[PDB]
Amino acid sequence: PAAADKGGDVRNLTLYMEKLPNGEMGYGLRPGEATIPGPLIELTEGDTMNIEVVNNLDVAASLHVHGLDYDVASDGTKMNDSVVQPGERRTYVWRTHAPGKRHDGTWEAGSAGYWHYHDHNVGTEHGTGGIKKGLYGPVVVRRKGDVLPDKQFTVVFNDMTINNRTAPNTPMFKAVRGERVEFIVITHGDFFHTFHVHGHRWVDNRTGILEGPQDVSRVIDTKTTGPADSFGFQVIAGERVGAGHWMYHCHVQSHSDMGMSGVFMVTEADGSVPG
């Protein structure tokens, strides 16, 4: 499979904060194309992201990132004068680094991992209104050499929803058996959830992939996750289990009974699927 190259490229992005139908709010790559979740931002350790944020909501809003290197001017908080007025723009800057030894001989871990960005100013100074209405999105930082997937699926447990949907309206994620599928799982709001996937499992380490014979991490198919936890992993879809309608859901019983579930549909190469 394809592996990430060395990082160290300065990359420019624009995000638009747009109103969506029914009082929702989303980040978008073009005006009028906001989605919930926001677009996935992917980079490799050592890259820099210059992200111009265009605020087309009616309230001051912001952009806050987990995991990455940013100074207080990109903190995304009113407290650090880091918000965006309606109709105005602002550039937020995310740096990353790769792991390495400090002068004093101790190791600095790298930025690589599964992270996320969200609003930190709509509703409350902690972004509670903005997050509730959909202002959140995934971030993937690769380490040089990390294995790369064919499909990326984002699951955000936001209160009692997946990606602001419940019911049967939760996203279905389609893949062909044998494809390298990468899940990114972020939680938001006021509740704790357990993420679970039928028919698949992963390693509870940085990448979700076994690192080698001396990797000692738990292999799991269920993970407790609270507001602003983020993790991710990669699976071979259908490995050892075949195609089919493979449920993903929150395993808290009343939550899944209230629609915190969807389908990971693994299909044969011709599109067929048992069911």
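The numbering used is simple: start at 1 and walk along the sequence shown.
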{"query": "Mean C-alpha B-factor comparison - 220-228 and 22-30, higher one", "finding": "22-30"}
{"query": "Mean Cα B-factor comparison, 207-215 or 38-46, giving the higher one as deposited", "finding": "207-215"}
{"query": "Given 116, 193, 200, 165, the residue at which the Cα B factor reaches its maximum", "finding": "165"}
{"query": "Residue with maximal Cα B-factor (values as given in the PDB entry) among 172, 93, 131, 185", "finding": "172"}
{"query": "Ranked against its chain, the third holding the CA B-factor of residue 147", "finding": "highest"}
{"query": "Ranked C-alpha temperature factor of residue 99 among modelled chain residues, by third", "finding": "middle"}
{"query": "Third of chain Cα B-factors occupied by residue 138", "finding": "lowest"}
{"query": "Position of residue 79 among the chain's modelled residues by C-alpha B-factor, lowest, middle or highest third", "finding": "highest"}
{"query": "For residue 125, the third of its chain into which the C-alpha B factor falls", "finding": "highest"}
